[PDB]
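Chains as they are written, first to last, in the authors' numbering: chain A, 755 to 826, 849 to 852; chain B, 952 to 1050; chain C, 952 to 1000; chain D, 952 to 1000; chain E, 14 to 68, 77 to 144, 146 to 244, 254 to 310; chain F, 311 to 621, 641 to 676, 689 to 704.
Here the structure comes first, spelled out in structure tokens, and everything after it is commentary.
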Amino acid sequence: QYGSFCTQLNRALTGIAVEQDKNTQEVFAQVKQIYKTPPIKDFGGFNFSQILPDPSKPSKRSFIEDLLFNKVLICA
Amino acid sequence: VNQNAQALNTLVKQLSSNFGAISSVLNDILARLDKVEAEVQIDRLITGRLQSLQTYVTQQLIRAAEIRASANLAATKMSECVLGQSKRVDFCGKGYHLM
Amino acid sequence: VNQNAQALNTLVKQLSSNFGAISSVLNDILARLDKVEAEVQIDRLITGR
Amino acid sequence: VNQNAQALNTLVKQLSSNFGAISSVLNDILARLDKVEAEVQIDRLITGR
Amino acid sequence: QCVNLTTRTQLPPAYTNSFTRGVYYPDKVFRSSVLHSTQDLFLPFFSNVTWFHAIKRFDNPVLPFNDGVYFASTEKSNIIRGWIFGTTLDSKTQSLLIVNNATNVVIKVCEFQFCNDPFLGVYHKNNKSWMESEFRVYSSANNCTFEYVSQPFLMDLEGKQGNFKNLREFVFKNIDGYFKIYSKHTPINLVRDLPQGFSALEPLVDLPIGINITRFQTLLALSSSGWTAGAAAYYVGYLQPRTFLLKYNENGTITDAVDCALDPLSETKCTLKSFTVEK
Amino acid sequence: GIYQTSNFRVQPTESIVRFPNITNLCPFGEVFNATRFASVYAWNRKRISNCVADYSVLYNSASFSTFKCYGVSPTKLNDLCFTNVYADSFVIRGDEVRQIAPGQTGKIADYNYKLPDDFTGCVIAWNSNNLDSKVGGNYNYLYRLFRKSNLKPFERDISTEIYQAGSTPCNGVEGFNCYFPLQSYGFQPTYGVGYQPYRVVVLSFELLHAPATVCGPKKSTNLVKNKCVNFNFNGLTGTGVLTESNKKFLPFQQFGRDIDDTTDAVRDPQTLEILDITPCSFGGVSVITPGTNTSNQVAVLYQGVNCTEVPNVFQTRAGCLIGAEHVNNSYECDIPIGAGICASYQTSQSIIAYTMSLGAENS
Ligand SMILES: *[C@@H]1O[C@H](CO)[C@@H](O)[C@H](O)[C@H]1NC(C)=O
Ligand SMILES: *[C@@H]1O[C@H](CO)[C@@H](O)[C@H](O)[C@H]1NC(C)=O
Ligand SMILES: *[C@@H]1O[C@H](CO)[C@@H](O)[C@H](O)[C@H]1NC(C)=O
Ligand SMILES: *[C@@H]1O[C@H](CO)[C@@H](O)[C@H](O)[C@H]1NC(C)=O
Ligand SMILES: *[C@@H]1O[C@H](CO)[C@@H](O)[C@H](O)[C@H]1NC(C)=O
Ligand SMILES: *[C@@H]1O[C@H](CO)[C@@H](O)[C@H](O)[C@H]1NC(C)=O
Ligand SMILES: *[C@@H]1O[C@H](CO)[C@@H](O)[C@H](O)[C@H]1NC(C)=O
Ligand SMILES: *[C@@]1(*)O[C@H](CO)[C@@H](O)[C@H](O)[C@H]1NC(C)=O
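Given below as structure tokens:
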């Protein structure tokens, strides 16, 4: 009887979800070609070891990334 | 995450309020009362839970507009700060900015 | 433009919902009942709309 | 300042409306009806305020 | 058949700090690793519980009964044997009698003609046998509205140990025309102090009474003016309506409890539904 | 695009109605057919427990006069199970039987006998002019007239203390403004309706605070497992699958909640097995489609539903996607499925689903 409340709520929530996807897309996809750092690391004397992606790892997260990831029920 | 997950907890908890009816279990009044008189009770829950769901949706729209203003201030810092050198004082960092 | 025009369609269409009453026209429940007891039906439309 | 002070003023006035009940004094419905069925009136006020 | 007794060391009662004791499972449903908040009759935390002796010394007051009672006895040979409950205790109301025979408990919700100072006479005969020859508890039972007998458990009734292991706690409630008994037992290697620490209370039995209990007095076994009895002491605390928060473990045992009206920090814990309040 | 439609759910298979162990019949006939009824101020109270009830024979009979149920419906008392029943019997003047219903005012509803606002039992009254009414005066039926204050629900009062009406203290058994608070009625065969006596019984009953005690038809069936079915273990309807559970249930334990509000794992009557209840599989379908100006073949995404349990399947972390083949090639995203999977329509021609390619590589 109450009419089209259900459709209204579903539209609102779906819009929120799509907006979130667009948010991440817009923040990160600023570059069109994925580059690759050379195996040589003669950067003048700057040790970029921590931030560059960590090869010997499951994923490509570097040290700082994994530290942050560690820093930061559902079935019901 | 804490603020987000603190809403669904309130939402699901709302399924334990009678809103004036005789019982908050929707399979109870259906299996205790007749057909004609039950809707008097069953209607009260709808008008309650509907309000419960409407409030949760509205809050999200407001909260999702706070983030939308931080995914635009990040998609900007990611442009001047990273892909260039910014002279906007105190935008990228604190002091004269390098990279 | 599409987004705004979508709101009014739902808004106007909502005028055709019983909300628990016995019609969706105020006169339909005003030309079929007296005044002292038909306020209950009109009560259910006001809060609904 | 004007816009904010306009919100509270409207808010307080909403304590003087019947919302369909008999009166807007919560110490009045009690002192005119019996306990068992005067609950219905008080329920309208709560859903109102 | 009732003999008055005055072989008593006339002393006033004692006071003790009931630290964190007296938490009982309110609802029969099962939980796990959740922090439920409830409101019911409990024993308020850190209360002044009244302490009596029972060895020389002979304490047997008749104490008022309201909002149930938390009765906790540290007992060697558990000389205590039963309780009476009622309003007049003189065959004018339905009196409750929970005599615990060594064989089993017997529950008599019957109008009873008690004595003026009744006491179980289980006969000072120190020849390894104490044949009871004194039913000095009541005189007549015209009526009997309820007659229940539990499983024939035979509990220990001897010992003179220096560190009384046996601590037995009971909580008695009377609501909705129903009498509720929850109880628990523990071995405690302490001597006199009510054991600090936390525990639970396994429900014993809920039965129908429909009677107006307002007064009660314990019962204990025992010649009249001369006897040999094991050391015992017992504590009485008065319950109260209150609001608590609990912490059921994965097993389902109540692990910890938190008050809601003791002190401000308890109120903040109760509001946050959390046991650790951050700055 | 990808649209969302038609939330699905699996359907129940059969029923299970296993009630407590069978026992003997309830003695309600004894309560109604009792030779002597009492008066209102001393209403007769009885408890009913631990027996198989039967309300069809109670109801269908014309042996009763008026019948009103205030919490339940007479057609299906023969399904519920109750914690306990209370039967209250007395006899009242007919005109005042209307005050038995809760929340009213009246001499038999203010000063002697009450009901609460939350009543659940059923009221049954029956005319007994033939037996109760006596020619010589059956005035053993007394009833309260005055009370110092109204009494609370089910607060029986038997006191016959002489009530004081005025300022002077009430002395002796009688005096000015001193009254005996009990009055006898008038019941004779010459009387008509409104003044005939009526035997009135109230059957209150209360739920769920203990293991169920009073029930009706048994028809215990089975305890089948891993099958979406209905159940009625003690008067707790629902739907879901069942299995043995390893939860630690102390002797007095059933009806787990375990997080928020749900009727989680429970035991059963007639046996002691700690079962479990998890609802049948459900999720939201979604339809992937190229524009209808291009084709009419589509795919379907069953969200959060293991492909194996759904009844060109390719399970993706999102859900069971059926209708498209997984190429090893990496193209741009056209119809975003999710979790790093994107569909498209390619050349014969068909709908494909692949892994997204974040642009190209350029060292
Ligand atoms: C316990 O009693 C003593 C003496 O009356 C008193 O000083 C103290 O404050 C009381 N404590 C409690 C818990 O009321
Ligand atoms: C129970 O105890 C009483 C008092 O000691 C005694 O008279 C009676 O015989 C005992 N009954 C049983 C079953 O031992
Ligand atoms: C309690 O549960 C834990 C985890 O399931 C288990 O390891 C432990 O043995 C259980 N203890 C008892 C006695 O139930
Ligand atoms: C009822 O009890 C009997 C005896 O314990 C048992 O065999 C039976 O399975 C139980 N359930 C029935 C038959 O309803
Ligand atoms: C009274 O007894 C008669 C004969 O046994 C029976 O038919 C009738 O149903 C009984 N009435 C009740 C329900 O008390
Ligand atoms: C689907 O179910 C099967 C068993 O029938 C299981 O092996 C498989 O892992 C499940 N799908 C998952 C968890 O991805
Ligand atoms: C391509 O994907 C399919 C399905 O995952 C897989 O069976 C096949 O081995 C893959 N082939 C290559 C070239 O990796
Ligand atoms: C015992 O029951 C009879 C029943 O007629 C009653 O008259 C008597 O007063 C009762 N005695 C007590 C002490 O309750």
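From the three backbone atoms N, C-alpha and C, an ideal C-beta is built for every residue, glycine too.
If you draw a straight line from the Cα of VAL952(C) to the Cα of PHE823(A), it is about 42 Å long. The distance from the Cβ of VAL512(F) to that of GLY431(F) is about 6 Å, consistent with a contact at the 8 Å cut-off.
The beta carbon of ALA123(E) lies closer than 8 Å to those of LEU176, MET177 and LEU179 in the same chain, with the five residues before and after it left out. Any Cβ of chain B closer than 9 Å to the Cβ of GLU819(A) would place that residue at the interface, and such an atom is absent. Within chain F, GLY413, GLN414 and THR415 have C-beta atoms less than 9 Å from the C-beta of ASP985(D), given in sequence order.
In terms of beta-carbon proximity, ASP428(F) stays away from the interface with chain D, with every pair separated by 9 Å or more. Straight-line spacing of the CA atoms in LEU1049(B) and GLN1036(B) works out to 6 Å. Straight-line measurement puts the Cα of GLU191(E) at about 6 Å from the Cα of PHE92(E).
Taking 9 Å as the cut-off, the Cβ atoms of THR581(F) and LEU611(F) do not count as close. With a cutoff of 8 Å, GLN613(F) does not count as near ligand 6, since its C-beta is closer than that to no heavy atom of the ligand. Between the region 36–51 of chain E and the region 108–116 of chain E, the count of Cβ pairs shorter than 8 Å is below three; the stretches do not touch. In this chain, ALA419(F) is not harboured by any beta strand (DSSP E); it is covered by the alpha helix (DSSP H) spanning 417–420.
CA-to-CA, the gap between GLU990(C) and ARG995(B) works out to about 19 Å.
With at least 16 other beta carbons inside 10 angstroms of its own, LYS300(E) counts as buried. Inter-residue distance for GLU516(F) and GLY476(F) is about 43 Å (C-alpha atoms, whole angstroms). Non-local C-beta neighbours of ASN234(E) in its own chain, meaning closer than 6 Å and more than five positions away in sequence, comprise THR108, ordered along the chain.
Across the set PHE464(F), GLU465(F), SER459(F) and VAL327(F), the C-alpha of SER459(F) shows the shortest separation from the C-alpha of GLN474(F). At least one heavy atom of ligand 6 lies less than 8 Å from the C-beta of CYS617(F).
Fewer than three beta-carbon pairs drawn from the region 384–399 of chain F and the region 489–504 of chain F are found closer than 8 Å, and the two stretches are therefore not classed as touching. CA-CA distance, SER325(F) to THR523(F), rounds to 22 Å.
Fewer than three Cβ pairs drawn from the region 361–368 of chain F and the region 496–505 of chain F lie within less than 8 Å of each other, which leaves the two stretches out of contact. Residue burial is scored here from C-beta neighbours: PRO330(F) has at least 16 other C-beta atoms within 10 angstroms and is therefore classed as buried.
According to the DSSP assignment, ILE402(F) belongs to the beta strand (DSSP E) that extends over 394–403. For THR588(F), the nearest beta carbon of chain B is not closer than 9 Å to its own beta carbon. Under DSSP, the beta-bridge partners assigned to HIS655(F) are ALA694(F). A distance filter of 5 Å between CB atoms and the heavy atoms of ligand 4 selects the following residues in sequence order: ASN331(F) and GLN580(F). Assignment of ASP442(F) by DSSP, reduced to helix, strand and coil, places it in the helix class. Here the region 349–364 of chain F does not lie against the region 553–571 of chain F, with fewer than 3 beta-carbon pairs under 8 Å apart. By the neighbour-count criterion, in which 16 or more other beta carbons inside 10 Å mark a residue as buried, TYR28(E) falls on the exposed side. Across the structure, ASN978(B) and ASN87(E) are spaced so that their CA atoms are roughly 39 Å apart. For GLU224(E), the shortest C-beta to heavy atom distance toward ligand 3 is 8 Å or greater. For the region 215–238 of chain E, residues whose beta-carbon sits nearer than 7 Å to a beta-carbon of chain F comprise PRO225 and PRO230.
The region 1008–1017 of chain B and the region 569–579 of chain F do not touch, with fewer than three beta-carbon pairs separated by less than 8 Å. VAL1033(B) has a beta carbon lying at 9 Å or more from every beta carbon in chain F.
With the rule of 3 Cβ pairs closer than 8 Å, the region 51–64 of chain E counts as touching the region 25–40 of chain E. Under DSSP, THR1027(B) shares a beta bridge with no residue.
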